[PDB]
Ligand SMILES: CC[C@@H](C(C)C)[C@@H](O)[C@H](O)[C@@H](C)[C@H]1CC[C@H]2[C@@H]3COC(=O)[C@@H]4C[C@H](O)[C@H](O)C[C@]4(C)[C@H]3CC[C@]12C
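Quick setup: one chain, the form solved without the named molecule, written in structure tokens, and binding and motion questions come after.
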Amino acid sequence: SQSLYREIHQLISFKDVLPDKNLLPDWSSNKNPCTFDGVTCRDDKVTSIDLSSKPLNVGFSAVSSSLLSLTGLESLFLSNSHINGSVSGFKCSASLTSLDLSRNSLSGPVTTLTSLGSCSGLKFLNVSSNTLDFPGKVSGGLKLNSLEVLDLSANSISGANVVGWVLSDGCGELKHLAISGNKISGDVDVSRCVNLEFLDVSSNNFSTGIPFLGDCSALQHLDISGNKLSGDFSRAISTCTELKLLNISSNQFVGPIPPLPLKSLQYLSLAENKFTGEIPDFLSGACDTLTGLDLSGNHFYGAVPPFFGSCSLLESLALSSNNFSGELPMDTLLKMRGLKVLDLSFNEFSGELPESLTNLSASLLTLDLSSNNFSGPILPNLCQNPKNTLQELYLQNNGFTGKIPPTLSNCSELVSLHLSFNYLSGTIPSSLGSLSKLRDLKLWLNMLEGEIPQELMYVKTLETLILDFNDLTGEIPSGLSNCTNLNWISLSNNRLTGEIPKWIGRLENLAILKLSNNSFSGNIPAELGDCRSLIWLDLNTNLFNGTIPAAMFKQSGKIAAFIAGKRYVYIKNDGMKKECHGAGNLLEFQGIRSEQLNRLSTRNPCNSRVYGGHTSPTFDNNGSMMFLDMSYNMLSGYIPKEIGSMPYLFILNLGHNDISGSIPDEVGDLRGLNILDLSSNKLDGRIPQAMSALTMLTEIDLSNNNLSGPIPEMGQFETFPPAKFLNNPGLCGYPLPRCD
């Protein structure tokens, strides 16, 4: 036939316009397209093409001209295919049923989509994750009332009543409308869309009316989350008898939980609003079907009602960041046969942990009790129940006393263990070495004693070891060398001894090493220079000595930084108190209230400058050290000129050592430098004029040295007070007295 002749010539013309033709190596002239990778055939005819996640790097016009006009083509999948340009008029086969152009670079007004009316059989359209917008006046209509499924999410569509524009020429056929992640506002009226099953208008700019749903006869999924809505959503959905998922989270709803349609409800989220009061008894009506409940981040209080025992299907219950109280309602929890995630964090539950909690160890995946006022010991009998499934145990920021139950080694599925901010005494059980899947061990701010267990070597998966603020002793166990995936080691504020092992150069995943305020000693191992992920090195307040090895900077410019997305807290030191040392403590802060930072004050001579966030380096490839504090040690000799080879270095603290020689002119290359402390050393010579080039300095200290001659007049030096240059006899020039 001709369509066969035409099919093959159309496919190859397309292949030929690709900048990297090597992309479709088995597509070739004089070969049957039904044997081509990417192609689906039925009865020797092409029915589908899927070139998704291939970087075609071509424009839509190539697509519409070569592919969309193919006789008999039923679907075209081109997600994440580096297609750019915009849609416009073309000839389109009548059999084309589905078009997926998601995750591309289509641009232009969303009205360009109207030209897909050419495709008279088009029922499913995905253009999510592009840059389609809506310039100015919202008039006319999209004119694609034949669609069953339309996804316009994650575009650049900003405007009022864009939804009216989509539905203007009818929506009797529409089953699924998604338009989340834009900047759309105004009215949402889908009452004429009597077949609509799925509506997602989340993460937009709605702040007026609640969506009008009319009879709401087929609606199963309603997501209006991530807006600024308030008002009577209860009345709006009261007719929705088929509703399975209702997500109204992250809005501005206030008041108690109002009536809800419960007979079909599987997932409910009211999280991150301003709801008040107690959980009402009438919610028992969903217990036949409810699968997920989320009430987090409101102002709820009281206790978890008894009726929840009948919710035998409830898999996850999240109630964090409210004000629930009383004891852990074990009587109710134990009936929840299907429960898998339990999150009561950031409330005021109190009392000791009930013995019966040991049964849940066999059903739960996540147990999060962090940031409550629990007291007593961690259940020793925990994970007795053979076939322990528990993966995540979060008990941080409570009032637990006693030992860390070695028993915890029986929860053999554990990937994450956070017992920080408690009053735990005793040792770190050697048996934790058994947790062969453990990635995160966080035990900081307790009273743990004894040595860091050698047996940790048995945990190949270990990524974070956070042991700060305890009473630990002994040396860094050689065993940790086997833990090659470690990316965050924090041992500060203990009483550890010995040297930094040279095997540390072996850990090529290690981004953060914090060992401040201990009694570590000897030389800084040149081997640190071998760590290719290292961006945060804190050794302040120890007994280190020898000279700073030039080699430790060999990675500069070669660093790519698995460390991001972890909640941290950075407590900046004010030079006000002399007992307070270092630039500042970077600390892990998952599941802990900042209000409880005051717990540190019995363990920390530091008075109040707090920087929150989630870890997030600034480069992605070819960066360098970002933080280097080696202050308050006994380092000597001169500063290597390779010190200047770190353009991402925000902070440099070498204060309070015995460093001598002159300041290398290469310090002037540290263009990202915010802080520079070299105070209380034996540095001499001149401040290099090269340092006039730095533009990001917020703090400098060069006081208590033997520096001499004039302070550089250009750059930022005139900006700092005399105090920063005191006790340098040969030193003159503003902010000091003019030079003789």
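All residue numbers are counted from 1 along the displayed sequence.
The following text describes the form deposited with the named molecule bound, which does not appear among the structures shown.
For this chain, the superposed copy of the named molecule, brought over from its placement in the deposited complex, stays clear of the backbone and C-beta atoms by more than 2.4 Å at every atom, so the pocket is open.
Interface residue remark: residue 337 is not counted as part of the site for the named molecule in the deposited complex, having no heavy atom within 4.5 Å. Contact check for residue 616: a heavy atom falls within 4.5 Å of the named molecule in the deposited complex. In the deposited complex, the named molecule lies farther than 4.5 Å from every heavy atom of residue 282.
Contact annotation: residue 703 falls outside 4.5 Å of the named molecule in the deposited complex, judged by heavy atom distances. Three-residue candidate spot 110, 134 and 162; no residue lies within 4.5 angstroms of the named molecule in the deposited complex by any non-hydrogen atom. 698 is the sole member of 698, 35, 28, 689 with a non-hydrogen atom within 4.5 Å of the named molecule in the deposited complex. Among the residues 515, 344, 216, 651, the one placing a heavy atom within 4.5 Å of the named molecule in the deposited complex is 651. With the named molecule left out of view, the stretch that reaches within 4.5 Å of it through heavy atoms in the deposited complex is, among 570 to 578, 229 to 237, 165 to 173, 360 to 368, 570 to 578. Of the residues in 596 to 612, only 611 comes within 4.5 Å of the named molecule in the deposited complex through at least one heavy atom.
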